[PDB]
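J.: Below: the sequence, then the experimentally determined structure.
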Amino acid sequence: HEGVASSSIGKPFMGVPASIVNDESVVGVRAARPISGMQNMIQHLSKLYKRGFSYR
Amino acid sequence: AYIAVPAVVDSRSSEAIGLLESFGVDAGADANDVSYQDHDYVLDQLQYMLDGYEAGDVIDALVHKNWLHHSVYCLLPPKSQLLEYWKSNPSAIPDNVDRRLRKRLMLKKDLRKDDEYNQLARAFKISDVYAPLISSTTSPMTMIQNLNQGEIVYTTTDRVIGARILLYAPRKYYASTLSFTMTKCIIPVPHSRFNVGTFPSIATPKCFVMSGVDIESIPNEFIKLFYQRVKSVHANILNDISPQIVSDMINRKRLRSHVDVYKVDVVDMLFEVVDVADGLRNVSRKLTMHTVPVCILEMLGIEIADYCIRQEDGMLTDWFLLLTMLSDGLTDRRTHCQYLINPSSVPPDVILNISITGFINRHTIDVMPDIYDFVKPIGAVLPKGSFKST
Amino acid sequence: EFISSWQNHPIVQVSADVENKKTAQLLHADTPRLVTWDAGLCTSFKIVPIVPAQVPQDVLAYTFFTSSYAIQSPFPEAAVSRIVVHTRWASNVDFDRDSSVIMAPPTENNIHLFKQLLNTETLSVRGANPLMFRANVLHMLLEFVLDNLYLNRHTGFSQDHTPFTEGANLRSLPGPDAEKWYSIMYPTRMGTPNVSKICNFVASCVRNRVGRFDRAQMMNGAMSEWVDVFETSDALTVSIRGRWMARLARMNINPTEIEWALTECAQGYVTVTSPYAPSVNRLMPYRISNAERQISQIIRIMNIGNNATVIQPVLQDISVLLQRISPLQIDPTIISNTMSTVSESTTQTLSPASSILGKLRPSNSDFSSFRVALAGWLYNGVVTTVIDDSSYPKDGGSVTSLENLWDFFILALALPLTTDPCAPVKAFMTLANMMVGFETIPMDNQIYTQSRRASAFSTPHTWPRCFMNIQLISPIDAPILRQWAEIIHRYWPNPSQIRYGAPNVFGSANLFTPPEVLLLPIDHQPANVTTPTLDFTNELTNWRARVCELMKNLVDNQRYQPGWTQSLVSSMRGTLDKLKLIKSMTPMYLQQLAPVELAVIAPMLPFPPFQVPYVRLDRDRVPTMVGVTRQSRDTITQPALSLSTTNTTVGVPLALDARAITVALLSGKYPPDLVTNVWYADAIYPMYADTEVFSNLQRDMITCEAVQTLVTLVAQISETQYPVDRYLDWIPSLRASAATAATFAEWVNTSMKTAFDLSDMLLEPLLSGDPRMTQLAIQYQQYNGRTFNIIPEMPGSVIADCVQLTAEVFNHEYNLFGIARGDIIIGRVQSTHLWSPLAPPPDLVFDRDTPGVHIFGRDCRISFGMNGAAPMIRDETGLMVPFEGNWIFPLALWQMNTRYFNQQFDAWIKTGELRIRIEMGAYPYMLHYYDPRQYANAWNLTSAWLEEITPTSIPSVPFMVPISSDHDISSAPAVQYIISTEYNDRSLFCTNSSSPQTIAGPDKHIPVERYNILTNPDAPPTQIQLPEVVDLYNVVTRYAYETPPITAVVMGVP
Amino acid sequence: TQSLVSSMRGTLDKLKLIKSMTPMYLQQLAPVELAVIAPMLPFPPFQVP
Amino acid sequence: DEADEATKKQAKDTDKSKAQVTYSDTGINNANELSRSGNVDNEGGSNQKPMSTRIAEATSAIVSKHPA
Amino acid sequence: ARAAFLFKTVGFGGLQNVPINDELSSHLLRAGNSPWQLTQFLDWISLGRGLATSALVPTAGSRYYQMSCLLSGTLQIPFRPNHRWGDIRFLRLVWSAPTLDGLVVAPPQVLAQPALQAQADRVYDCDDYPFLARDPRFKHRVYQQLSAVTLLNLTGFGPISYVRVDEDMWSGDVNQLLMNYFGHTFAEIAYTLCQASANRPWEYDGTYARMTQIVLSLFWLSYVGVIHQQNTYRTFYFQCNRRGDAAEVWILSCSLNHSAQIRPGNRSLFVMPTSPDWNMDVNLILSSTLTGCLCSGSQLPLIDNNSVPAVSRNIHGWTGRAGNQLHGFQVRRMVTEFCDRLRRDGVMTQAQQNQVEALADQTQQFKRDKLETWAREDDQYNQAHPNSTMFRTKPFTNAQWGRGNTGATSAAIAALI
């Protein structure tokens, strides 16, 4: 997610559009950072990777 | 007088709900003085624009928009489709069109192999007939300027921002997406003294931006970005007014359905730790506790005063513990760091007497966790020694 | 088991982590908030009641006092009143600095104000370490100034309709309530019915200095430009805001200058207009100095050091801008069309056209590399553009290979566009590596021989002697190599220069070049027509022709031709002719149009260009080092003597692809019918509506201000090389070190960031070194050893000057800030007299020169008594003395031997005849008021203080003071134990203000000197008495200036 | 293949100008600590010049 | 705003969607124009608070009451 | 255009060394180590809205004189024939870098070595110094403040200002630029002009130079009283609501009532105050500073030798055998001249004149008392300390408190129009 930046700023991929999310890693201030197509896609994949999988 | 607030505003919903009252504005008695703009379509247009361009330039361009002046976009079909649409119902051709093209278009005959109509067809350009054209390459700043000056802005693309888009030809000729939210039918409002909108602007010096809500705590993320960029770029040329000032402006001379249940108003509380061991007082520390709902505050009566937060046995009181649990944490006001309360009476850093000072940040949030999508059991992870029994 | 120590886990307030948002900062930076308006009172001191009045009473009837009639009064009506410091206790601001300094009345504890910075080891909550008082006070004064940095606003007036004044104009305050303000603001308006102290003071004043007395009405039906009023305020904040306003006024500019600057920057392609009529005094502060620009540029260069990833996105952005505004575009099929007509035979195994097409592989994205190569011309100081190693042949190649010939052709065309100074040598060594074995030349050593890769010749030291001296190459043995060397020497492009920008408003950030000048590695010839056609009179076209003819000569050489079929020779010659005569517009575009676009783009770049001179083939002048400095060496004080050896090199190489550059150079076309003036007027117009440069100017100003403030503050607690005056040397302080300086600097940085509402980095580039010896300078060096260095001049700092002025005022008004001065005396005094312990009678005080005193110091020893003898302690003279008399103690002795000294001395202090003078210098104090008609003792308080003294902190010194009375009272005994060595009672304002007089106790009337304007009839209305006395009634100037955006006044023709 | 002169010089300059207190501690305080703790050791010091 | 209203009234009078003659958006940079407004009183101050209320404030600041 | 760059240093006011010491030098360099302190002085005077004061700097003229003394005492190091810049010290101070960028504390060796003994009334040529000769922009930037110092140090009275009237100066660009300062004050205009001149040296006959000359002429004509609301110079004048006040404020203004008739030609002269109370008049010092900034590339006319002391005669670029006369005046008498001219013009009444006279008398009394007290304190300090003697204000004599050539100066300025 951090490596894909720079070369993809503000431009979509795979038909997934770019977006805008929150940042609070920096101490004391928590602002909004814009993410790219891959960044948004990784952001959505991350919650699945953190919660797990359901299997019928 | 245009006033910008950090929330989405709609003509009917924001009128039904007490948006200004939610932010803390005093009542205005008759509501004929205020009128609300609608910016939800502007917000989804902003998302569509962000899909193509960068956030910064679009935001900077949208800053220079005058919301007190009306204008609309007129979407045109592609060149060929415009030619067939003019071939049909030939009353649609404007006077600016070439005489030879107009006469040939009235041919009412199959013009594929005439080749004079065809060489004219290669010769034709839409910009010749229509001067203001976005042409899908125009900068957002130029879009906003052409929207500010004039009433009808012609375009050949749907990726625009700032105003409603009206079709010029029947839908058959248009092969674009069915974005009916911004695109209306092919065939076809005064402002009050105060107009409330979302996006701040710097077009005219009668615009105002409402303070009182910290830019950190803005719930809506797109509005957070817009406010951040505007404040970071044009900090020195923005008019900031307190909610008290807004209420005074509203009531200077006069003063002398289904409702959602998952929306609550929260406030930030300011207090100070005081040692009253002797008859004298000693102020030890300044703390701010975040995101306290107002309804519990009204229930458990809290005013600006002095309280003791320990019982005779030596443990924290139930009301204080409940308030701390409900809040989202405590921050030291001098050193901007998270503060952790000592539960015991061991001499280092014991809080026994507190003094409430005031409340500053007031806004509306949604208590929906947003992951509770299906009704399922709940499993919460909490470390040891967390007053579980209490 | 009651460990009480695990709870003592410290939390670090400053964290350090790897930093990648330096790119974000360099691309865009937060703008400081400079313009803030205040509509309240311009005061920072308030009067509070300490002891309530004595109404009703058994002597005077209640119908005397005005409080009985509920008459509002300017001053509190109480028995005791004191002045307390409270910044912005009466104000209405639109933006909040959040640097407030609030104090409590002296009857409360204020110890928390002096334990903010380095008291992380003080366990107690009521004590502080006396060795950081100076640092805490300095931080407090900085907070004072930062909080008081505001501007005054003119609200509005109304005429008085009562006979209390002679129809004066009174100001109206915006707020929920105004009755209290209307009585606080104008003391003289009150009537005087009786003979109380307040009424006497009011009656002793003039009647014609109240409200507004001067205005600037420049137009009809519009707000006055400014007004001057008499109202309650204080001289310190008045002066601070005056200096702030003067600083902004020196930055103000007018729309005509903006119009001229924009036109000159746009080079005549964009026109803007300004009004011509009377106006309303706008305030648009945007002009700063070249020194500030240079300092900010140096700081940015320091931030971007040796790290490519921090600078590459800047070049990407510049390439995007060039692509957006440029008319040149790729031609899709020019090369294929021109190569589809070369005559060939179908029975050959080699096809030059197929081979060259396969090696070229044109693509549209190839133009991005070309544009970033163009962008790299503006930053050769820190970024060096090179050709990537993968472009060279894997093993050096051979001239018998057509593929290797095409690689040589591509590299030869691509190389002269890079900023790498070793490009000619690399170009020569490419052909040398290919022709090894076929032809030989004499090299220098056995390491950098003729077989070494051409990309390894990257330093000026590696240039072969045969390259510099052509006579060494044999005309017979290496004719092709000699020809190539001669072509390189007599056809490499010649650098030139162009002019850019409008430094009238924007200033100049150039460092090693004359201002307003850009250098270019190729020759620039301005175009003379607006309708261009194809032209071959260009240096790049000549270069291509020479390369093609050289390859023709190589093919026609009689030692090479016999190895080829005739058909292949003919096809190769035809291909070379077609490549020579191809119709590309890129070489002409690069000569006539690209410099203009670069010049119009440069002035609005977030990172201003940083350049060093281009040298063509002069090896002695090749730059080899660029360095910046931020510290100093052992005792070297002058930067010109330590820059040479206290600098860190900067610079980084960035690689590009030769194939993309060659394709861009070979395939370029203009729109079918292009008119340059119209095209550029259309393209440039949207770009010139931004104000980010105007914001960056303010950012640079704030940066320089912060640097100077930092050095000025550090000089107060450490030893530095800059001249500075001292005013707080009587306040105790520790022996500082590098860690102490770093912590103090971090606190100052955080405070200023909070004050000016900044979230990004500031002073952290300079916080990575010892801040006790800071300096700023830059230099670069040539091959021959000459060095050129730049030492920017330091501009002043209004904030630092204001802080120093505040220190000067504090040096006389320390009492108002809760601090006492001098030493203390402990001993038993029993009497019925009503003198105050803060102003003791002289006879009680003794000092080092008083006969009979005993001075103690480092070497103290106590010998116990035996068989009725008395214990003794050793004096510094060497005699042993009993536990009686007058002693003089430094604080550290008792601090280091607390428990033993308490146990051995408390009884003799309480009951015996021992009196001890503790030397402290400065300390916070506490007051306890007692009724004078009853018994009172202070032993409990004194013993508590003595017993809670600890080797790392002390609590506030307690004093016991009587209460003033306005009628006869009886007397009762009182026991005192602690007194001060000097007068420390300047905080009093008045006693029994509602009563005609004070019969008993301390007496103090209203200070007339603090109201010199109202009480001295023949004094100028605008006289101040700083720093000795702070006045509480002054003349205030209030403005109504407008702050519109740039686009609201300057409008460009569409 | 690529020149690293500037990078090497920058790294070396940073290492040279690092703000370490270790030499000061070694030349000022460590001898004092060693002299303080030496006479109390069970095994007294045994040194060669 | 007055210029815009005049332009709209002219368009309505001429019975056209847009007006040939416009009092707004001309080619002239008339940015220093001023017009009478209710925000500024006769004394040159602001009217964020009415003059009558200001007078009431000032006169109420000096009231005295009957003793008990 | 100026061709010779020469400047004169301050002279001892009866002492045996430059009247400055370590305390004053540190107080001056308190917030910045650059000896060129024009911007710092501008910030300190705070737009002239009130009476600035301090413990070591009683008045604005005090700071101006101290800046002059510091520059005079410090510049003598690199101007020695050996031209070395950083081998000797002056009052525990040494130059940093050959380009004269700042002053720092001396190294331990230089501190042990003896300091430099400065001299009085030295005249130096900028082109002698190699670095100043090499760099034209640096020389032009420095020469503005050098010229201001020279204009202050040329005589024993207050600073000198230049007034010029010429109709051909006005042009379209000048009108456009001048119209933008409709409501600003003289101090603000001077601030902006000085900052612009610092950013870029002006050329011989540039728009900024012409506008500066026009502004100076307008201010001096309004000060004398020839130009007012009912008699304007091309509908421009300066208004002062409280004449005779301690801190006067002058505002540019336009009026369409009447325009005076101006004879064609080019005329000019040189003005200066003589009474010591000029130390508390920001406008006069700012006018002198503007003239100094102009002197960078304009080559003003020569000053007659007979109007300056012997040590200031025959300066190559400033004084000459036959030159213009210096006209000196007294502020209190000039106030009366102003009132009388207005009354004769018929726009003022006797009661108003009496009020102005009373206010002026009060102001003069106050300033005289303060100046005498400060002079006595300085004398006592010099008596107490014999090794660090100093002066906080330019010395004056009792005779300078009387009216001089005020009538002749007023007549000449009136005849200028």
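T.: Received it, and whenever you're ready, just let me know what you need. Numbering: from 1, shown residues only, chains lettered A, B, ... in the order given.
J.: Which strand runs longest in chain C?
T.: If each strand of chain C is counted by residues according to DSSP state E, the longest one is strand C:914-930.
J.: What segments of the stretch 101-250 of chain F are strands?
T.: In the stretch 101-250 of chain F, strands defined by DSSP state E, counting those that start in this stretch lie at F:102-104, F:123-125, F:161-166, F:237-239, listed in chain order.
J.: Go through those strands and pick out the most buried.
T.: strand F:102-104 (a mean of 24; mean count of other CB atoms under 10 Å in any protein chain shown). All C-beta spots, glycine's among them, are computed from the backbone N, C-alpha and C.
J.: can it be found next to chain C?
T.: Yes: residues of strand F:102-104 contacting chain C under CB under 8 Å from any CB of the partner chain: F:102-104.
J.: in the longest strand of chain C, what's buried?
T.: Buried residues in strand C:914-930, counted by 16 or more other CB atoms under 10 Å in any protein chain shown: C:914-927, C:929-930.
J.: List just the nearest of those residues to chain B.
T.: Of all the buried residues of strand C:914-930, chain B sits closest to residue C:926, with 7.8 Å by CB to the nearest CB.
J.: For residue C:1043, see how far away that closest one is.
T.: Separation of residue C:926 from residue C:1043 (CB to CB, to the nearest Å): 47 Å.
J.: Repeat that for residue E:63.
T.: Distance of residue E:63 to residue C:1043, given as CB to CB: 40 Å.
J.: quick one, which of these two is more surrounded?
T.: The neighbour comparison of residue E:63 against residue C:1043 (other CB atoms under 10 Å in any protein chain shown) goes to residue C:1043, with 16 against 10.
J.: Please tell me I have it right and that one contacts residue C:285.
T.: No: at 9.1 Å, residue C:1043 and residue C:285 do not qualify as touching, with contact defined as CB atoms under 8 Å.
J.: Report how many residues lie close to the closest residue to residue F:402 other than its chain neighbours.
T.: Nearest-residue entry for residue F:402: residue F:330, 7.5 Å, with adjacent residues in sequence omitted and distances by CB to CB, 6 or more residues apart in numbering or on different chains. Neighbourhood size, residue F:330 [other CB under 10 Å]: 23.
J.: Grab the nearest non-local neighbour of residue B:364.
T.: Among residues not flanking residue B:364 along the chain, residue B:22 sits closest, at 4.9 Å (CB to CB, 6+ apart).
J.: which residues touch whichever strand or helix holds the one you found?
T.: Assigned by DSSP states H and E, residue B:22 belongs to helix B:19-23. Counting by CB atoms under 8 Å, 6 or more residues apart in numbering or on different chains, helix B:19-23 makes contact with B:5, B:7, B:9, B:27-28, B:34, B:36, B:196, B:210, B:212-213, B:243, B:246, B:265, B:362-364, all of which sit outside it.
J.: Out of the residues you listed, list just those in strands.
T.: B:34, B:36, B:196, B:210, B:265, B:362-364.
J.: Of those, grab the buried ones for ChimeraX.
T.: Only the buried entries of the ones in strands among the contacts of helix B:19-23 go into this ChimeraX selection, using 16+ other CB under 10 Å:
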select /B:34,36,196,210,265,362,363
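J.: Go through the ones in strands among the contacts of helix B:19-23 and say which is closest to chain C.
T.: Ranked by distance to chain C (CB to the nearest CB), those are led by residue B:210 at 11.9 Å.
J.: List the contacts of the closest one.
T.: B:3-6, B:23, B:240-241, B:243, B:246.
J.: ok, now which ones touch the residue lying closest to residue F:99 once chain neighbours are set aside?
T.: Among residues not flanking residue F:99 along the chain, residue F:131 sits closest, at 6.0 Å (CB to CB, 6+ apart). Taking CB under 8 Å, 6+ apart as the contact definition, residue F:131 lies against F:98-100, F:138.
J.: contacting residues around stretch C:300-317?
T.: A:6, C:20, C:22-23, C:25-27, C:372, C:375-376, C:379, C:381-383, C:606-607, C:610, C:628, C:630, C:648-654, C:761, C:765, C:778, D:6-7, D:10-11.
J.: just checking: which of the buried residues of strand C:914-930 also lie near chain D?
T.: Within the buried residues of strand C:914-930, nothing lies near chain D by CB under 8 Å from any CB.
J.: measure the residue in chain E that chain A sits nearest to to residue B:149 for me?
T.: Chain A sits closest to residue E:25 of chain E, with a gap of 33.3 Å, by CB to the nearest CB. Distance, residue E:25 to residue B:149, using CB to CB: 5 Å.
J.: State which one residue of chain F is found closest to chain A.
T.: Going by CB to the nearest CB, chain A is nearest to residue F:31 of chain F, at 30.6 Å.
J.: what sits against that residue?
T.: Residues in contact with residue F:31 (CB under 8 Å, 6+ apart) are C:708, C:712, C:796-798, C:800-801, C:804, F:40.
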